[PDB]
Amino acid sequence: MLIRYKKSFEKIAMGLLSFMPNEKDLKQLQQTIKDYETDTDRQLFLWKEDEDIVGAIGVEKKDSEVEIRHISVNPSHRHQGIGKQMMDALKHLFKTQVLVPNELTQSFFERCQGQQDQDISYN
Ligand SMILES: CC(C)(COP(=O)(O)OP(=O)(O)OC[C@H]1O[C@@H](n2cnc3c(N)ncnc32)[C@H](O)[C@@H]1OP(=O)(O)O)[C@@H](O)C(=O)NCCC(=O)NCCS
């Protein structure tokens, strides 16, 4: 499930966000984590499979659109649908505004939109 970021998860949040291509070193990591903590328009979320944090997704609220900036899943948990479940839970969470990506996560975002939601059908 999707939970808000807490300071007690800084070590795992930095480790997860380190897989983002624009996060080269650790000095830059703690600066972006400090942005998610101290900036109102920027919020970071964590995906808790069972009781272990395996994914992370952070957004920036900008007037009418909610831009996705960072999305990362633990490599040992990839290819399990966690990446799309985070966005789906994010879309339900931000039902008020429209969910758009930036140039950093446009590739994986367009893949999920092209995907078909696997739903049951009756009659
Ligand atoms: C992108 C990422 C967050 C998705 O995690 P995930 O749990 O594997 O997502 P899902 O299980 O729901 O779906 C996996 C699919 O997404 C694809 N995928 C993985 N990374 C992708 C990417 N950057 N762009 C487009 N598709 C990607 C996989 O090829 C896979 O496709 P397949 O089913 O045909 O094999 C994960 O691969 C990751 O941590 N990447 C590190 C770098 C990064 O996150 N860059 C930003 C993404 S644009």
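As recorded in the entry header, the structure was determined using X-ray crystallography to a resolution of 2.647 Å.

Our focus in this paragraph is the packing of helix α3 (residues 82-93) against helix α4 (residues 106-114). As a packed pair, α3 and α4 sit with axes 11 Å apart at the nearest point and diverge in direction by 80°. One element, α3, and the other, α4, form an angle in the roughly perpendicular class. Counting all contacts with α3, which are made through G83, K84 and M87, the residues of α4 involved are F108, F109, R111 and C112. Considered class by class, the residues forming the contact of α3 with α4 number four nonpolar, one polar and two charged.

You can see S72 is positioned in strand β4 (residues 65-73). One polar contact links the side chain of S72 to the main-chain carbonyl oxygen of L16, over a distance of 2.5 Å. Look past the residues within four positions of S72 in its chain and what remains in contact with it is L16, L17, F19, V54, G55, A56 and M86.

About the criteria used
- The residue numbers you see begin from 1 on each chain and track the sequence as written, which may not match the entry, and residues missing coordinates are not shown.
- Derived side-chain values reflect all non-hydrogen atoms in the structure, with water molecules and hydrogen atoms excluded from consideration.
- Residues with missing side-chain atoms are left out of burial classes, side-chain pairs and their counts.
- Here an angle of 0 to 180 degrees is reported between the N-to-C directions of two axes, which are lines fitted to C-alpha atoms, with helices fitted over the stretch in contact.
- Comment: elements are numbered from the N terminus, with helices defined as DSSP H or I runs of at least four residues and strands as E runs of at least two.
- Here is the rule for angles: anything less than 35 degrees is roughly parallel, anything more than 145 is roughly antiparallel, 65 through 115 is roughly perpendicular, and the remaining ranges are oblique.
- Residues count as neighbours in contact if any of their non-hydrogen atoms are within 4.5 Å of one another.
- Polarity classes work like this: nonpolar for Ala, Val, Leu, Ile, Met, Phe, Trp, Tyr, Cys and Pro, charged for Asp, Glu, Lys and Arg, and polar for all others, with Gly in that last group.
- Polar contact criterion, stated in full: a pair of N or O atoms within 3.5 Å, where within protein one must be able to donate a hydrogen and the other to accept it, and residues adjacent in sequence count only if both atoms are side-chain atoms.

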